[PDB]
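For reference, the structure discussed in these notes is given below.
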Amino acid sequence: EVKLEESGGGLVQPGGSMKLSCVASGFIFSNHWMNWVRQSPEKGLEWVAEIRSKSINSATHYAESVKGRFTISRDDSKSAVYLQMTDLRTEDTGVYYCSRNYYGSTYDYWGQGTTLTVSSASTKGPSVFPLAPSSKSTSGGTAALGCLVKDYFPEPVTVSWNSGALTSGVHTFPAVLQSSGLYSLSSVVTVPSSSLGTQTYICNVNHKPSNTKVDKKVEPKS
Amino acid sequence: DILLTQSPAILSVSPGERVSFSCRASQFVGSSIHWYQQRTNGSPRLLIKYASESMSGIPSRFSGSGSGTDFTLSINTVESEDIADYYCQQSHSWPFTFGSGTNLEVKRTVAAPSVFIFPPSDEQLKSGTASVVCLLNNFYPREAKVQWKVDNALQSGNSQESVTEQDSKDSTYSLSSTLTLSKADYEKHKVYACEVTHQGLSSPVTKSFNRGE
Ligand SMILES: NC(=O)c1ccc[n+]([C@@H]2O[C@H](COP(=O)([O-])OP(=O)(O)OC[C@H]3O[C@@H](n4cnc5c(N)ncnc54)[C@H](O)[C@@H]3O)[C@@H](O)[C@H]2O)c1
């Protein structure tokens, strides 16, 4: 199985620098051309940079919008491709995908993306509060519970339930920017009302930019 | 550079029907058009290479055709699993470019939301703020109205909504509405109520609690 795994995203001030990494497995890395492709609401999917094989001088190519600011490199001994970004702009904000292109044709494998935010605001880790079920959160045989993940910056946060064992019925809402400039979101799940007080429900919140890793047990109230 | 135009940008089809996505190139690209599917929170997945060649493991209901400048991705029978954004990409010449994407919505029968209200946690109240959350779960169509009433006084300017993308398993939406007050203002009132109207509800649904019970 081919896997591509990016890392290094986060928050940086305008004009700043940041290096993204991607580690590949499942193909002969040194033979293939590694790419970064970014995605934003405004520009959609956008090819950023490519580095080809060492056999053809590890040749690099850049989109015109990043040329002179970004440098793509590879370490074949680590099966790694890197994107060193400098002089970053607000409009460089977006999700950055590691991707293989098959010798100038399809992007036939993609990573999961790593998020870059270019902004002058500061990192802030969230507070996590339970959305506690009762009877006004019980619709017959179904109850709802959740976690409120409030006042953080930048995007993203990830929320899992019971360390990933619970995925059915989960809704993690898009984050909303509050007037304070901080994000907030809720993650909810619907469960059998009979399971309240007999099954444990824990939301696992991770906000990497603040090194926040919180597990919140959500219990019915008093 | 070659511009790929995907129009319409939004398609809505009933389950079981055929749908076609359009990708038009501003210059000749031969057959070098590739199609990708990107589900919500997911990565692009290559479906069709070179206009018509479906990748291994792609369901047989996906096909592609076209050459020159006019290309079509087709899904013969549409299931809710096909809810996604669909992108074309050319590799006829450098730099490679992508279309802006077309979103697929899959219609379904009307589904009224299940409604739930959540008081603010004791934990958050110690921090001087109260968030009250109203959840509308698994409804269709997307249009819904949520109103906050505090001792029957209609609230304005102190709530925000968030809606999920359409669910690829049941074609529904879910919505959260969060009312934010200072603790001082929260403790000045008793009845907190979320009132919901939706095409599937024969009369508006109110979920409420009394502060401290
Ligand atoms: N001249 C060709 O190699 C050629 C010609 C036509 C078609 N193809 C197709 O291309 C596909 C893959 O070809 P391929 O050569 O890229 O890999 P491969 O899958 O054919 O690998 C075969 C073996 O060659 C060695 N190899 C390949 N690259 C190496 C490297 N950098 N360092 C050390 N050993 C290496 C490895 O031992 C590898 O297990 C195959 O499916 C083949 O059918 C290749």
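Residue names in the structure tokens use chain letters A, B, ... in the order shown, residue numbers from 1 in each chain, and ligand numbers from 1 in the order shown.
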
Item to check | Interface residues on chain A facing chain B, 6 Å, only C-alpha atoms, written as a VMD selection string | outcome: chain A and resid 44 105 108 112 131 137 173

Mind dumping the selected residues with N, CA, C and O atoms as an mmCIF file, in the first residue's frame?
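Output saved as again29.cif:
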```
data_model
loop_
_atom_site.group_PDB
_atom_site.id
_atom_site.type_symbol
_atom_site.label_atom_id
_atom_site.label_comp_id
_atom_site.auth_asym_id
_atom_site.auth_seq_id
_atom_site.Cartn_x
_atom_site.Cartn_y
_atom_site.Cartn_z
ATOM 1 N N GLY A 44 -9.016 26.821 -4.997
ATOM 2 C CA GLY A 44 -9.212 25.405 -5.254
ATOM 3 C C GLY A 44 -7.888 24.655 -5.187
ATOM 4 O O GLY A 44 -6.976 25.016 -4.432
ATOM 5 N N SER A 105 1.912 13.184 -15.624
ATOM 6 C CA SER A 105 0.550 12.804 -16.009
ATOM 7 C C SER A 105 -0.366 12.985 -14.800
ATOM 8 O O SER A 105 -0.667 14.123 -14.425
ATOM 9 N N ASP A 108 -1.215 10.411 -8.776
ATOM 10 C CA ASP A 108 -1.882 9.131 -8.556
ATOM 11 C C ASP A 108 -1.934 8.719 -7.087
ATOM 12 O O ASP A 108 -2.725 7.836 -6.741
ATOM 13 N N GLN A 112 -2.613 13.250 3.328
ATOM 14 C CA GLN A 112 -3.811 13.711 4.014
ATOM 15 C C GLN A 112 -3.844 15.224 4.148
ATOM 16 O O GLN A 112 -4.850 15.765 4.619
ATOM 17 N N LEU A 131 -20.834 18.556 26.337
ATOM 18 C CA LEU A 131 -22.233 18.782 25.988
ATOM 19 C C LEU A 131 -22.982 17.606 26.603
ATOM 20 O O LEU A 131 -23.044 16.518 26.026
ATOM 21 N N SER A 137 -31.987 16.260 25.750
ATOM 22 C CA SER A 137 -31.151 15.708 24.692
ATOM 23 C C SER A 137 -31.379 14.195 24.593
ATOM 24 O O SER A 137 -30.447 13.394 24.490
ATOM 25 N N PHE A 173 -18.574 19.547 13.672
ATOM 26 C CA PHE A 173 -19.012 20.655 12.847
ATOM 27 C C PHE A 173 -17.828 21.478 12.351
ATOM 28 O O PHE A 173 -16.794 21.563 13.023
#
```

Checklist entry - segment 4-12 of chain A: which residues within 6 Å, counting only C-alpha atoms, same-chain residues fewer than 5 positions away excluded, as a ChimeraX atom specification? => result /A:20-24,111,114-118,209

Restricting the output to N, CA, C and O atoms, write the selected residues as an mmCIF file, in the first residue's frame.
```
data_model
loop_
_atom_site.group_PDB
_atom_site.id
_atom_site.type_symbol
_atom_site.label_atom_id
_atom_site.label_comp_id
_atom_site.auth_asym_id
_atom_site.auth_seq_id
_atom_site.Cartn_x
_atom_site.Cartn_y
_atom_site.Cartn_z
ATOM 1 N N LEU A 20 7.660 22.171 5.472
ATOM 2 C CA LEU A 20 6.779 21.017 5.516
ATOM 3 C C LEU A 20 7.558 19.771 5.130
ATOM 4 O O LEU A 20 8.515 19.831 4.354
ATOM 5 N N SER A 21 7.143 18.639 5.684
ATOM 6 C CA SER A 21 7.775 17.359 5.407
ATOM 7 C C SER A 21 6.724 16.362 4.964
ATOM 8 O O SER A 21 5.565 16.431 5.376
ATOM 9 N N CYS A 22 7.145 15.411 4.146
ATOM 10 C CA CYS A 22 6.296 14.293 3.771
ATOM 11 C C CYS A 22 7.156 13.044 3.667
ATOM 12 O O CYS A 22 8.195 13.069 3.008
ATOM 13 N N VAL A 23 6.734 11.962 4.317
ATOM 14 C CA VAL A 23 7.424 10.675 4.250
ATOM 15 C C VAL A 23 6.552 9.713 3.456
ATOM 16 O O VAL A 23 5.346 9.604 3.708
ATOM 17 N N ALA A 24 7.157 9.024 2.496
ATOM 18 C CA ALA A 24 6.460 8.124 1.592
ATOM 19 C C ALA A 24 6.825 6.677 1.898
ATOM 20 O O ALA A 24 7.935 6.384 2.352
ATOM 21 N N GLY A 111 -1.276 12.500 0.059
ATOM 22 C CA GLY A 111 -1.286 12.425 1.504
ATOM 23 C C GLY A 111 -2.610 12.935 2.043
ATOM 24 O O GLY A 111 -3.609 13.033 1.330
ATOM 25 N N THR A 114 -1.496 18.940 5.201
ATOM 26 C CA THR A 114 -1.140 19.634 6.433
ATOM 27 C C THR A 114 -1.495 21.102 6.252
ATOM 28 O O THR A 114 -1.332 21.652 5.161
ATOM 29 N N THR A 115 -2.033 21.721 7.301
ATOM 30 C CA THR A 115 -2.642 23.045 7.176
ATOM 31 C C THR A 115 -1.640 24.142 7.519
ATOM 32 O O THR A 115 -0.996 24.107 8.572
ATOM 33 N N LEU A 116 -1.521 25.119 6.630
ATOM 34 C CA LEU A 116 -0.709 26.303 6.868
ATOM 35 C C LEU A 116 -1.622 27.506 7.059
ATOM 36 O O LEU A 116 -2.493 27.764 6.223
ATOM 37 N N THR A 117 -1.393 28.259 8.131
ATOM 38 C CA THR A 117 -2.069 29.531 8.351
ATOM 39 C C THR A 117 -1.024 30.635 8.419
ATOM 40 O O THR A 117 -0.131 30.597 9.272
ATOM 41 N N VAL A 118 -1.133 31.615 7.534
ATOM 42 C CA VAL A 118 -0.267 32.787 7.560
ATOM 43 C C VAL A 118 -1.080 33.935 8.142
ATOM 44 O O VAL A 118 -2.016 34.423 7.500
ATOM 45 N N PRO A 209 -0.986 22.990 17.146
ATOM 46 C CA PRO A 209 -0.218 24.243 17.319
ATOM 47 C C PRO A 209 -0.023 24.653 18.770
ATOM 48 O O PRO A 209 0.957 25.332 19.091
#
```

Checklist entry - Which protein, DNA or RNA residues have an atom within 8 Å of ligand 1, counting only C-alpha atoms and all ligand atoms, as a ChimeraX atom specification? => result /A:28-31

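The helix (DSSP H, G or I) portion of chain A consists of residues 29, 30, 31, 54, 55, 56, 76, 77, 78, 90, 91, 92, 162, 163, 164, 193, 194, 195, 208, 209 and 210 of chain A, with states taken from DSSP on the backbone.
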
Item to check | Exercise: residue 80 of chain B partners within 10 Å, only C-alpha atoms, chain neighbours under 4 positions left out, as an MDAnalysis selection string | outcome: chainID B and resid 14:16 84 104:108 166:172
